[PDB]
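Below is query_11.pdb, which holds PDB, C-alpha atoms and all ligand atoms.
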```pdb
ATOM      1  CA  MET T  17      32.665  18.731  11.903  1.00  0.00           C
ATOM      2  CA  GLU T  18      33.382  16.177   9.143  1.00  0.00           C
ATOM      3  CA  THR T  19      30.473  14.214   7.516  1.00  0.00           C
ATOM      4  CA  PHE T  20      30.850  10.655   6.179  1.00  0.00           C
ATOM      5  CA  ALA T  21      28.644   8.291   4.210  1.00  0.00           C
ATOM      6  CA  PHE T  22      27.772   4.871   5.570  1.00  0.00           C
ATOM      7  CA  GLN T  23      28.508   1.982   3.159  1.00  0.00           C
ATOM      8  CA  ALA T  24      25.430   0.135   1.789  1.00  0.00           C
ATOM      9  CA  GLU T  25      25.461  -2.922   4.111  1.00  0.00           C
ATOM     10  CA  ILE T  26      25.588  -0.958   7.428  1.00  0.00           C
ATOM     11  CA  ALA T  27      23.061   1.559   6.055  1.00  0.00           C
ATOM     12  CA  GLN T  28      20.664  -1.366   5.317  1.00  0.00           C
ATOM     13  CA  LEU T  29      21.202  -2.830   8.818  1.00  0.00           C
ATOM     14  CA  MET T  30      20.460   0.566  10.418  1.00  0.00           C
ATOM     15  CA  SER T  31      17.201   0.813   8.414  1.00  0.00           C
ATOM     16  CA  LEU T  32      16.303  -2.791   9.419  1.00  0.00           C
ATOM     17  CA  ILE T  33      16.855  -2.009  13.138  1.00  0.00           C
ATOM     18  CA  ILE T  34      14.865   1.284  12.897  1.00  0.00           C
ATOM     19  CA  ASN T  35      12.040  -0.188  10.708  1.00  0.00           C
ATOM     20  CA  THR T  36      11.458  -3.857  11.703  1.00  0.00           C
ATOM     21  CA  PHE T  37       8.673  -4.474  14.208  1.00  0.00           C
ATOM     22  CA  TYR T  38      10.501  -6.118  17.173  1.00  0.00           C
ATOM     23  CA  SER T  39       9.132  -5.621  20.731  1.00  0.00           C
ATOM     24  CA  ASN T  40      12.163  -7.022  22.712  1.00  0.00           C
ATOM     25  CA  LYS T  41      14.024  -3.661  22.532  1.00  0.00           C
ATOM     26  CA  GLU T  42      15.586  -3.965  26.057  1.00  0.00           C
ATOM     27  CA  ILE T  43      18.508  -6.042  24.708  1.00  0.00           C
ATOM     28  CA  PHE T  44      20.230  -2.792  23.542  1.00  0.00           C
ATOM     29  CA  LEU T  45      21.393  -2.245  27.147  1.00  0.00           C
ATOM     30  CA  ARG T  46      22.915  -5.753  27.510  1.00  0.00           C
ATOM     31  CA  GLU T  47      24.760  -5.080  24.203  1.00  0.00           C
ATOM     32  CA  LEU T  48      26.186  -1.706  25.207  1.00  0.00           C
ATOM     33  CA  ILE T  49      27.209  -3.035  28.680  1.00  0.00           C
ATOM     34  CA  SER T  50      28.946  -6.086  27.017  1.00  0.00           C
ATOM     35  CA  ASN T  51      30.769  -3.615  24.686  1.00  0.00           C
ATOM     36  CA  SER T  52      31.827  -1.541  27.736  1.00  0.00           C
ATOM     37  CA  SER T  53      32.999  -4.714  29.521  1.00  0.00           C
ATOM     38  CA  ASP T  54      35.031  -5.734  26.428  1.00  0.00           C
ATOM     39  CA  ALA T  55      36.665  -2.238  26.240  1.00  0.00           C
ATOM     40  CA  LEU T  56      37.558  -2.424  29.963  1.00  0.00           C
ATOM     41  CA  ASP T  57      39.038  -5.967  29.501  1.00  0.00           C
ATOM     42  CA  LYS T  58      41.159  -4.520  26.649  1.00  0.00           C
ATOM     43  CA  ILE T  59      42.771  -1.646  28.615  1.00  0.00           C
ATOM     44  CA  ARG T  60      43.139  -3.877  31.675  1.00  0.00           C
ATOM     45  CA  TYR T  61      44.964  -6.531  29.604  1.00  0.00           C
ATOM     46  CA  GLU T  62      47.281  -3.940  27.973  1.00  0.00           C
ATOM     47  CA  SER T  63      48.028  -2.489  31.461  1.00  0.00           C
ATOM     48  CA  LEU T  64      49.535  -5.865  32.483  1.00  0.00           C
ATOM     49  CA  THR T  65      52.428  -5.255  30.012  1.00  0.00           C
ATOM     50  CA  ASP T  66      52.481  -1.428  30.291  1.00  0.00           C
ATOM     51  CA  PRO T  67      51.154  -0.075  33.659  1.00  0.00           C
ATOM     52  CA  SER T  68      51.496   3.541  32.338  1.00  0.00           C
ATOM     53  CA  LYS T  69      48.447   2.776  30.102  1.00  0.00           C
ATOM     54  CA  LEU T  70      46.380   3.530  33.246  1.00  0.00           C
ATOM     55  CA  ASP T  71      48.007   6.992  33.849  1.00  0.00           C
ATOM     56  CA  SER T  72      44.826   8.325  32.150  1.00  0.00           C
ATOM     57  CA  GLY T  73      42.705   6.758  34.942  1.00  0.00           C
ATOM     58  CA  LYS T  74      42.986   3.662  37.180  1.00  0.00           C
ATOM     59  CA  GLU T  75      39.250   3.081  37.820  1.00  0.00           C
ATOM     60  CA  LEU T  76      37.640   0.408  35.529  1.00  0.00           C
ATOM     61  CA  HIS T  77      33.874   0.939  35.675  1.00  0.00           C
ATOM     62  CA  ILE T  78      30.541   1.307  33.883  1.00  0.00           C
ATOM     63  CA  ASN T  79      28.061   4.144  34.733  1.00  0.00           C
ATOM     64  CA  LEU T  80      24.434   4.251  33.486  1.00  0.00           C
ATOM     65  CA  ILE T  81      23.187   7.825  33.505  1.00  0.00           C
ATOM     66  CA  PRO T  82      19.534   8.662  32.779  1.00  0.00           C
ATOM     67  CA  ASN T  83      18.420  12.254  32.159  1.00  0.00           C
ATOM     68  CA  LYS T  84      14.623  12.785  31.921  1.00  0.00           C
ATOM     69  CA  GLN T  85      14.961  16.529  31.013  1.00  0.00           C
ATOM     70  CA  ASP T  86      17.287  15.815  28.017  1.00  0.00           C
ATOM     71  CA  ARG T  87      15.594  12.437  27.309  1.00  0.00           C
ATOM     72  CA  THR T  88      19.006  10.674  27.176  1.00  0.00           C
ATOM     73  CA  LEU T  89      20.437   7.457  28.578  1.00  0.00           C
ATOM     74  CA  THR T  90      24.274   7.523  28.682  1.00  0.00           C
ATOM     75  CA  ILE T  91      26.474   4.397  29.023  1.00  0.00           C
ATOM     76  CA  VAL T  92      29.922   5.514  30.287  1.00  0.00           C
ATOM     77  CA  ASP T  93      32.964   3.241  30.565  1.00  0.00           C
ATOM     78  CA  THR T  94      36.642   3.888  31.369  1.00  0.00           C
ATOM     79  CA  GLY T  95      37.758   1.256  28.826  1.00  0.00           C
ATOM     80  CA  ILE T  96      40.377   1.482  26.039  1.00  0.00           C
ATOM     81  CA  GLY T  97      38.556   4.204  24.052  1.00  0.00           C
ATOM     82  CA  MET T  98      38.600   4.667  20.281  1.00  0.00           C
ATOM     83  CA  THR T  99      41.011   6.658  18.116  1.00  0.00           C
ATOM     84  CA  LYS T 100      39.886   8.758  15.105  1.00  0.00           C
ATOM     85  CA  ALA T 101      41.084   5.855  12.861  1.00  0.00           C
ATOM     86  CA  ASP T 102      38.886   3.392  14.856  1.00  0.00           C
ATOM     87  CA  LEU T 103      35.826   5.649  14.474  1.00  0.00           C
ATOM     88  CA  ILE T 104      36.160   6.271  10.725  1.00  0.00           C
ATOM     89  CA  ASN T 105      38.090   3.349   9.261  1.00  0.00           C
ATOM     90  CA  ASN T 106      38.580   0.292  11.504  1.00  0.00           C
ATOM     91  CA  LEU T 107      35.002   0.135  12.773  1.00  0.00           C
ATOM     92  CA  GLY T 108      33.693   0.722   9.252  1.00  0.00           C
ATOM     93  CA  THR T 109      35.428  -2.540   8.209  1.00  0.00           C
ATOM     94  CA  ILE T 110      33.870  -4.333  11.204  1.00  0.00           C
ATOM     95  CA  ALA T 111      30.386  -2.821  10.538  1.00  0.00           C
ATOM     96  CA  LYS T 112      30.559  -4.216   6.930  1.00  0.00           C
ATOM     97  CA  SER T 113      31.666  -7.815   7.685  1.00  0.00           C
ATOM     98  CA  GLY T 114      29.501  -8.022  10.820  1.00  0.00           C
ATOM     99  CA  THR T 115      26.368  -6.764   9.024  1.00  0.00           C
ATOM    100  CA  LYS T 116      26.852  -9.221   6.136  1.00  0.00           C
ATOM    101  CA  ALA T 117      27.140 -12.198   8.605  1.00  0.00           C
ATOM    102  CA  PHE T 118      24.178 -10.972  10.726  1.00  0.00           C
ATOM    103  CA  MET T 119      21.961 -10.424   7.604  1.00  0.00           C
ATOM    104  CA  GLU T 120      22.741 -13.971   6.384  1.00  0.00           C
ATOM    105  CA  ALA T 121      22.017 -15.353   9.901  1.00  0.00           C
ATOM    106  CA  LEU T 122      18.660 -13.432  10.012  1.00  0.00           C
ATOM    107  CA  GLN T 123      17.577 -14.915   6.616  1.00  0.00           C
ATOM    108  CA  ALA T 124      18.331 -18.397   8.046  1.00  0.00           C
ATOM    109  CA  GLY T 125      16.018 -17.654  11.021  1.00  0.00           C
ATOM    110  CA  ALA T 126      18.211 -15.909  13.688  1.00  0.00           C
ATOM    111  CA  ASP T 127      16.683 -13.224  15.931  1.00  0.00           C
ATOM    112  CA  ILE T 128      17.567  -9.476  16.198  1.00  0.00           C
ATOM    113  CA  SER T 129      18.574 -10.251  19.871  1.00  0.00           C
ATOM    114  CA  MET T 130      21.598 -12.293  18.536  1.00  0.00           C
ATOM    115  CA  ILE T 131      23.187  -9.091  17.107  1.00  0.00           C
ATOM    116  CA  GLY T 132      26.164  -9.130  19.541  1.00  0.00           C
ATOM    117  CA  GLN T 133      27.317 -12.481  18.121  1.00  0.00           C
ATOM    118  CA  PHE T 134      28.118 -10.524  14.928  1.00  0.00           C
ATOM    119  CA  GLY T 135      30.268  -7.816  16.589  1.00  0.00           C
ATOM    120  CA  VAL T 136      27.726  -5.086  15.693  1.00  0.00           C
ATOM    121  CA  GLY T 137      25.682  -5.044  18.930  1.00  0.00           C
ATOM    122  CA  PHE T 138      26.442  -1.292  19.188  1.00  0.00           C
ATOM    123  CA  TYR T 139      23.798  -0.788  16.444  1.00  0.00           C
ATOM    124  CA  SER T 140      21.060  -2.197  18.736  1.00  0.00           C
ATOM    125  CA  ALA T 141      21.159   1.376  20.189  1.00  0.00           C
ATOM    126  CA  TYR T 142      18.877   2.302  17.205  1.00  0.00           C
ATOM    127  CA  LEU T 143      16.099   0.076  18.648  1.00  0.00           C
ATOM    128  CA  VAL T 144      15.537   2.851  21.233  1.00  0.00           C
ATOM    129  CA  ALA T 145      17.462   5.964  20.076  1.00  0.00           C
ATOM    130  CA  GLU T 146      16.687   8.418  17.224  1.00  0.00           C
ATOM    131  CA  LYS T 147      20.277   9.702  17.594  1.00  0.00           C
ATOM    132  CA  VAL T 148      23.439   8.221  19.083  1.00  0.00           C
ATOM    133  CA  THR T 149      26.452  10.246  20.144  1.00  0.00           C
ATOM    134  CA  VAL T 150      29.698   8.487  21.004  1.00  0.00           C
ATOM    135  CA  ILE T 151      32.255  10.529  23.005  1.00  0.00           C
ATOM    136  CA  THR T 152      35.577   8.725  23.189  1.00  0.00           C
ATOM    137  CA  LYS T 153      39.184   9.132  24.344  1.00  0.00           C
ATOM    138  CA  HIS T 154      41.987   6.638  23.601  1.00  0.00           C
ATOM    139  CA  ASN T 155      45.470   7.065  25.158  1.00  0.00           C
ATOM    140  CA  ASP T 156      47.012   7.533  21.662  1.00  0.00           C
ATOM    141  CA  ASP T 157      44.556  10.147  20.354  1.00  0.00           C
ATOM    142  CA  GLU T 158      42.391  13.215  21.206  1.00  0.00           C
ATOM    143  CA  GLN T 159      38.803  13.208  22.532  1.00  0.00           C
ATOM    144  CA  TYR T 160      36.289  12.717  19.654  1.00  0.00           C
ATOM    145  CA  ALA T 161      32.553  12.811  19.135  1.00  0.00           C
ATOM    146  CA  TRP T 162      31.011  10.426  16.523  1.00  0.00           C
ATOM    147  CA  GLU T 163      27.312  10.996  15.888  1.00  0.00           C
ATOM    148  CA  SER T 164      24.519   9.599  13.739  1.00  0.00           C
ATOM    149  CA  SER T 165      20.735   9.861  13.363  1.00  0.00           C
ATOM    150  CA  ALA T 166      21.005   7.288  10.485  1.00  0.00           C
ATOM    151  CA  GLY T 167      19.764   8.647   7.137  1.00  0.00           C
ATOM    152  CA  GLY T 168      23.004   7.426   5.514  1.00  0.00           C
ATOM    153  CA  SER T 169      25.581   9.639   7.210  1.00  0.00           C
ATOM    154  CA  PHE T 170      27.546  10.114  10.437  1.00  0.00           C
ATOM    155  CA  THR T 171      29.769  12.911  11.737  1.00  0.00           C
ATOM    156  CA  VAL T 172      33.134  13.012  13.512  1.00  0.00           C
ATOM    157  CA  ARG T 173      34.615  16.087  15.251  1.00  0.00           C
ATOM    158  CA  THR T 174      37.200  16.781  17.983  1.00  0.00           C
ATOM    159  CA  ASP T 175      35.069  17.030  21.162  1.00  0.00           C
ATOM    160  CA  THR T 176      35.263  20.238  23.261  1.00  0.00           C
ATOM    161  CA  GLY T 177      33.095  18.797  26.063  1.00  0.00           C
ATOM    162  CA  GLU T 178      34.287  17.811  29.548  1.00  0.00           C
ATOM    163  CA  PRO T 179      37.701  16.002  29.218  1.00  0.00           C
ATOM    164  CA  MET T 180      37.208  12.247  29.965  1.00  0.00           C
ATOM    165  CA  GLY T 181      40.677  10.947  30.781  1.00  0.00           C
ATOM    166  CA  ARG T 182      40.036   7.654  28.868  1.00  0.00           C
ATOM    167  CA  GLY T 183      37.067   5.590  27.657  1.00  0.00           C
ATOM    168  CA  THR T 184      33.724   5.888  25.876  1.00  0.00           C
ATOM    169  CA  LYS T 185      30.323   7.455  26.461  1.00  0.00           C
ATOM    170  CA  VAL T 186      27.379   6.263  24.359  1.00  0.00           C
ATOM    171  CA  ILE T 187      24.661   8.930  24.566  1.00  0.00           C
ATOM    172  CA  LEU T 188      21.254   7.590  23.520  1.00  0.00           C
ATOM    173  CA  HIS T 189      18.849  10.383  22.465  1.00  0.00           C
ATOM    174  CA  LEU T 190      15.722   8.316  23.062  1.00  0.00           C
ATOM    175  CA  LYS T 191      12.712   8.019  20.722  1.00  0.00           C
ATOM    176  CA  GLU T 192       9.623   9.667  22.305  1.00  0.00           C
ATOM    177  CA  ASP T 193       7.923   6.316  23.028  1.00  0.00           C
ATOM    178  CA  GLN T 194      11.069   4.762  24.588  1.00  0.00           C
ATOM    179  CA  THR T 195      11.239   6.857  27.846  1.00  0.00           C
ATOM    180  CA  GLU T 196      10.772   3.721  30.048  1.00  0.00           C
ATOM    181  CA  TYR T 197      14.588   3.355  29.689  1.00  0.00           C
ATOM    182  CA  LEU T 198      14.994   6.508  31.881  1.00  0.00           C
ATOM    183  CA  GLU T 199      13.108   4.917  34.780  1.00  0.00           C
ATOM    184  CA  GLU T 200      15.161   3.541  37.694  1.00  0.00           C
ATOM    185  CA  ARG T 201      13.050   0.364  38.192  1.00  0.00           C
ATOM    186  CA  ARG T 202      13.247  -0.443  34.451  1.00  0.00           C
ATOM    187  CA  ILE T 203      17.052  -0.033  34.110  1.00  0.00           C
ATOM    188  CA  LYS T 204      17.587  -2.011  37.392  1.00  0.00           C
ATOM    189  CA  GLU T 205      15.334  -4.789  36.017  1.00  0.00           C
ATOM    190  CA  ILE T 206      17.272  -5.037  32.684  1.00  0.00           C
ATOM    191  CA  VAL T 207      20.714  -5.002  34.338  1.00  0.00           C
ATOM    192  CA  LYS T 208      19.708  -7.797  36.782  1.00  0.00           C
ATOM    193  CA  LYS T 209      18.233  -9.936  33.935  1.00  0.00           C
ATOM    194  CA  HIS T 210      21.019  -9.602  31.330  1.00  0.00           C
ATOM    195  CA  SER T 211      24.119  -8.128  32.975  1.00  0.00           C
ATOM    196  CA  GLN T 212      24.357  -9.548  36.557  1.00  0.00           C
ATOM    197  CA  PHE T 213      27.791 -11.198  36.052  1.00  0.00           C
ATOM    198  CA  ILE T 214      29.747  -8.346  34.377  1.00  0.00           C
ATOM    199  CA  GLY T 215      33.219  -8.206  36.017  1.00  0.00           C
ATOM    200  CA  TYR T 216      33.183  -4.425  36.602  1.00  0.00           C
ATOM    201  CA  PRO T 217      31.057  -2.211  38.885  1.00  0.00           C
ATOM    202  CA  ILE T 218      27.914  -0.998  37.122  1.00  0.00           C
ATOM    203  CA  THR T 219      26.572   2.117  38.828  1.00  0.00           C
ATOM    204  CA  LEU T 220      22.997   3.022  38.027  1.00  0.00           C
ATOM    205  CA  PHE T 221      22.817   6.784  38.600  1.00  0.00           C
ATOM    206  CA  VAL T 222      19.508   8.283  39.685  1.00  0.00           C
ATOM    207  CA  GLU T 223      17.925  11.745  39.438  1.00  0.00           C
TER     208      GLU T 223
HETATM  209  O1  LIG T 301      30.901   0.731  18.920  1.00  0.00           O
HETATM  210  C1  LIG T 301      30.937   0.862  17.651  1.00  0.00           C
HETATM  211  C2  LIG T 301      30.853  -0.127  16.590  1.00  0.00           C
HETATM  212  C3  LIG T 301      30.752  -1.595  16.686  1.00  0.00           C
HETATM  213  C4  LIG T 301      30.733  -2.414  15.536  1.00  0.00           C
HETATM  214  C5  LIG T 301      30.788  -1.709  14.285  1.00  0.00           C
HETATM  215  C6  LIG T 301      30.896  -0.295  14.083  1.00  0.00           C
HETATM  216  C7  LIG T 301      30.912   0.542  15.268  1.00  0.00           C
HETATM  217  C8  LIG T 301      31.095   1.947  15.543  1.00  0.00           C
HETATM  218  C9  LIG T 301      31.308   3.045  14.775  1.00  0.00           C
HETATM  219  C10 LIG T 301      31.326   3.050  13.348  1.00  0.00           C
HETATM  220  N1  LIG T 301      30.430   2.398  12.599  1.00  0.00           N
HETATM  221  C11 LIG T 301      30.849   2.733  11.348  1.00  0.00           C
HETATM  222  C12 LIG T 301      30.262   2.317  10.045  1.00  0.00           C
HETATM  223  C13 LIG T 301      30.900   2.841   8.891  1.00  0.00           C
HETATM  224  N2  LIG T 301      32.057   3.695   8.943  1.00  0.00           N
HETATM  225  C14 LIG T 301      32.578   4.064  10.222  1.00  0.00           C
HETATM  226  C15 LIG T 301      31.983   3.606  11.368  1.00  0.00           C
HETATM  227  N3  LIG T 301      32.292   3.805  12.675  1.00  0.00           N
HETATM  228  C16 LIG T 301      31.605   4.413  15.497  1.00  0.00           C
HETATM  229  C17 LIG T 301      30.951   4.557  16.883  1.00  0.00           C
HETATM  230  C18 LIG T 301      31.194   3.343  17.760  1.00  0.00           C
HETATM  231  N4  LIG T 301      31.078   2.044  16.985  1.00  0.00           N
END
```
Rewrite the structure of this file - the entire thing - as C-alpha cells.
Amino acid sequence: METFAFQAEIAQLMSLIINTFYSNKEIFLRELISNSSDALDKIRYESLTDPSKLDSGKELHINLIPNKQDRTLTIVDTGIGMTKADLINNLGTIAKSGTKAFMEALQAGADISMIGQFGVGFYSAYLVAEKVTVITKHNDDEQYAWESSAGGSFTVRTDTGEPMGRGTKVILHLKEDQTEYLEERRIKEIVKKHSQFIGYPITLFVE
C-alpha cells in the first residue's frame, strides 16, 4: 500500500463537501451514474476502432449494490477503467483544475449540486460516505484499489479482490446517518428522478 498527499485545492474541496451544511445529498448518485455512463461511452467508442478492446468483457452496464450489513453502496460499471497513472497523476491534474473552477463558481453563487459541470462530481461521494474505495481495471494495466477517508491523504495498492475483467467499482462506506441510501425505495426514487435516460442498463440489486 502506497500513501499519497492530496494537493491543497482538492483537500479544501473535500473539507467543503464534508463540512458545509447542504441537505440535497442525493445528487451524489446522479454524479456517480453519469461518471459510469461516461466511462462506458469511452470503452464503447474505442471498441469501434479496435473490437479487441472488449475481449475483457462485452457487457456495458451499471449495477447499484446496497449492503446493509457492511453499510456500503457500490456503483459498478464495465466502462474503460483507470490505470495506475490515471489514479495517481492524471486525475490529480483534473482534481486541481476542476476544484479551482468549481470554487470560483461557488463564490459567484453556484450550488454544490452543479459539481459535475466541473469534472469533479466523483467527490460528491463525500456528501454521504466517510470512506470511498475505488476498485478499477483498465485493459492496459492491473486491477487497483484507490481509497480515501479524506484527512489529506489517499492510498493506492494492487487489488487482490475478485478479478473484474474491466471497469470501476465505487464503494461508498456510508456515514451512520446516511443509511437511507441502502433502501430499495430510496435508490429507485433517485434513479428515476435524475438518471432515467442513461443509455446503459442500470440494475438496482436488492437484498
Ligand atoms: O473518479 C475520479 C475523479 C474525478 C475527478 C477528479 C479526480 C478523481 C479521482 C481520483 C483522484 N483524485 C485525485 C486527487 C489528487 N491526486 C490523485 C487523485 N486521484 C482517484 C479515484 C477516482 N477519481
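Distances to residue 217 in chain T were evaluated for T:129, T:109, T:94, T:159 using all atoms listed in the file, and the minimum falls at T:94.
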When distances are computed from all atoms listed in the file, which of T:222, T:185, T:169, T:163 shows the smallest separation from residue 202 in chain T?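 That would be T:222, the residue with the smallest distance to residue 202 in chain T.
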What gap, in Å, lies between CA of residue 171 in chain T and CA of residue 191 in chain T?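 Between CA of residue 171 in chain T and CA of residue 191 in chain T the gap is 19.9 Å.
Between residue 95 in chain T and the candidates T:180, T:128, T:143, T:26, the tightest atom-to-atom separation, counting all atoms listed in the file, involves T:180.
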Residues of chain T within 8 Å of ligand LIG 301 (chain T): nearest atom pair and distance (Å, one decimal) for each, counting only C-alpha atoms and all ligand atoms, sorted by chain and number, as JSON lines?
```
{"residue": "T:20", "atom": "CA", "partner": "T:LIG301", "partner_atom": "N2", "distance": 7.6}
{"residue": "T:21", "atom": "CA", "partner": "T:LIG301", "partner_atom": "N2", "distance": 7.4}
{"residue": "T:22", "atom": "CA", "partner": "T:LIG301", "partner_atom": "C13", "distance": 5.0}
{"residue": "T:23", "atom": "CA", "partner": "T:LIG301", "partner_atom": "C13", "distance": 6.3}
{"residue": "T:26", "atom": "CA", "partner": "T:LIG301", "partner_atom": "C12", "distance": 6.3}
{"residue": "T:51", "atom": "CA", "partner": "T:LIG301", "partner_atom": "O1", "distance": 7.2}
{"residue": "T:98", "atom": "CA", "partner": "T:LIG301", "partner_atom": "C18", "distance": 7.9}
{"residue": "T:102", "atom": "CA", "partner": "T:LIG301", "partner_atom": "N3", "distance": 7.0}
{"residue": "T:103", "atom": "CA", "partner": "T:LIG301", "partner_atom": "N3", "distance": 4.4}
{"residue": "T:104", "atom": "CA", "partner": "T:LIG301", "partner_atom": "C14", "distance": 4.2}
{"residue": "T:105", "atom": "CA", "partner": "T:LIG301", "partner_atom": "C14", "distance": 5.6}
{"residue": "T:106", "atom": "CA", "partner": "T:LIG301", "partner_atom": "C14", "distance": 7.2}
{"residue": "T:107", "atom": "CA", "partner": "T:LIG301", "partner_atom": "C6", "distance": 4.3}
{"residue": "T:108", "atom": "CA", "partner": "T:LIG301", "partner_atom": "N2", "distance": 3.4}
{"residue": "T:109", "atom": "CA", "partner": "T:LIG301", "partner_atom": "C13", "distance": 7.1}
{"residue": "T:110", "atom": "CA", "partner": "T:LIG301", "partner_atom": "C5", "distance": 5.1}
{"residue": "T:111", "atom": "CA", "partner": "T:LIG301", "partner_atom": "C5", "distance": 3.9}
{"residue": "T:112", "atom": "CA", "partner": "T:LIG301", "partner_atom": "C12", "distance": 7.2}
{"residue": "T:114", "atom": "CA", "partner": "T:LIG301", "partner_atom": "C5", "distance": 7.3}
{"residue": "T:135", "atom": "CA", "partner": "T:LIG301", "partner_atom": "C4", "distance": 5.5}
{"residue": "T:136", "atom": "CA", "partner": "T:LIG301", "partner_atom": "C4", "distance": 4.0}
{"residue": "T:137", "atom": "CA", "partner": "T:LIG301", "partner_atom": "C3", "distance": 6.5}
{"residue": "T:138", "atom": "CA", "partner": "T:LIG301", "partner_atom": "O1", "distance": 4.9}
{"residue": "T:139", "atom": "CA", "partner": "T:LIG301", "partner_atom": "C3", "distance": 7.0}
{"residue": "T:149", "atom": "CA", "partner": "T:LIG301", "partner_atom": "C17", "distance": 8.0}
{"residue": "T:150", "atom": "CA", "partner": "T:LIG301", "partner_atom": "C17", "distance": 5.8}
{"residue": "T:162", "atom": "CA", "partner": "T:LIG301", "partner_atom": "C17", "distance": 5.9}
{"residue": "T:163", "atom": "CA", "partner": "T:LIG301", "partner_atom": "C17", "distance": 7.5}
{"residue": "T:170", "atom": "CA", "partner": "T:LIG301", "partner_atom": "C14", "distance": 7.9}
```
Name the residues that the PyMOL selection byres (((chain T and resi 146) around 10) and not hetatm) picks from the file above, as a PyMOL selection string, using the file's chain letters and numbers. chain T and resi 34+141-145+147-148+164-166+188-192+194
Return range 35-53 of chain T, completed with N, CA and C atoms, as an mmCIF file, in the coordinates of the input.
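Full text of out05.cif as output:
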```
data_model
loop_
_atom_site.group_PDB
_atom_site.id
_atom_site.type_symbol
_atom_site.label_atom_id
_atom_site.label_comp_id
_atom_site.auth_asym_id
_atom_site.auth_seq_id
_atom_site.Cartn_x
_atom_site.Cartn_y
_atom_site.Cartn_z
ATOM 1 N N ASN T 35 13.342 0.149 11.310
ATOM 2 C CA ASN T 35 12.040 -0.188 10.708
ATOM 3 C C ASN T 35 11.329 -1.468 11.112
ATOM 4 N N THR T 36 12.065 -2.558 11.369
ATOM 5 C CA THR T 36 11.458 -3.857 11.703
ATOM 6 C C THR T 36 10.655 -3.772 12.988
ATOM 7 N N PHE T 37 9.470 -4.419 12.995
ATOM 8 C CA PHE T 37 8.673 -4.474 14.208
ATOM 9 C C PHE T 37 9.319 -5.593 15.050
ATOM 10 N N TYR T 38 9.829 -5.220 16.235
ATOM 11 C CA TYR T 38 10.501 -6.118 17.173
ATOM 12 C C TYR T 38 10.315 -5.535 18.580
ATOM 13 N N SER T 39 9.439 -6.160 19.400
ATOM 14 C CA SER T 39 9.132 -5.621 20.731
ATOM 15 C C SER T 39 10.227 -5.741 21.806
ATOM 16 N N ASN T 40 11.114 -6.755 21.719
ATOM 17 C CA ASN T 40 12.163 -7.022 22.712
ATOM 18 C C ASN T 40 13.347 -6.017 22.604
ATOM 19 N N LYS T 41 13.031 -4.725 22.673
ATOM 20 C CA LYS T 41 14.024 -3.661 22.532
ATOM 21 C C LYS T 41 15.040 -3.572 23.683
ATOM 22 N N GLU T 42 14.721 -4.091 24.878
ATOM 23 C CA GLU T 42 15.586 -3.965 26.057
ATOM 24 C C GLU T 42 17.006 -4.518 25.942
ATOM 25 N N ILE T 43 17.222 -5.408 24.967
ATOM 26 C CA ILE T 43 18.508 -6.042 24.708
ATOM 27 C C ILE T 43 19.595 -5.037 24.325
ATOM 28 N N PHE T 44 19.218 -3.813 23.868
ATOM 29 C CA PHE T 44 20.230 -2.792 23.542
ATOM 30 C C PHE T 44 21.158 -2.559 24.743
ATOM 31 N N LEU T 45 20.598 -2.570 25.970
ATOM 32 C CA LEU T 45 21.393 -2.245 27.147
ATOM 33 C C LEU T 45 22.410 -3.322 27.469
ATOM 34 N N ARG T 46 22.011 -4.609 27.349
ATOM 35 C CA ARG T 46 22.915 -5.753 27.510
ATOM 36 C C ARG T 46 24.058 -5.596 26.490
ATOM 37 N N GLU T 47 23.727 -5.193 25.235
ATOM 38 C CA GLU T 47 24.760 -5.080 24.203
ATOM 39 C C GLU T 47 25.766 -3.998 24.486
ATOM 40 N N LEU T 48 25.284 -2.818 24.901
ATOM 41 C CA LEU T 48 26.186 -1.706 25.207
ATOM 42 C C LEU T 48 27.032 -1.997 26.450
ATOM 43 N N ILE T 49 26.440 -2.655 27.470
ATOM 44 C CA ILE T 49 27.209 -3.035 28.680
ATOM 45 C C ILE T 49 28.291 -4.087 28.344
ATOM 46 N N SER T 50 27.979 -5.074 27.466
ATOM 47 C CA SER T 50 28.946 -6.086 27.017
ATOM 48 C C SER T 50 30.072 -5.404 26.262
ATOM 49 N N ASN T 51 29.740 -4.405 25.401
ATOM 50 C CA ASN T 51 30.769 -3.615 24.686
ATOM 51 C C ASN T 51 31.658 -2.902 25.697
ATOM 52 N N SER T 52 31.062 -2.256 26.704
ATOM 53 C CA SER T 52 31.827 -1.541 27.736
ATOM 54 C C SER T 52 32.756 -2.509 28.464
ATOM 55 N N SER T 53 32.225 -3.673 28.836
ATOM 56 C CA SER T 53 32.999 -4.714 29.521
ATOM 57 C C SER T 53 34.186 -5.149 28.654
#
```
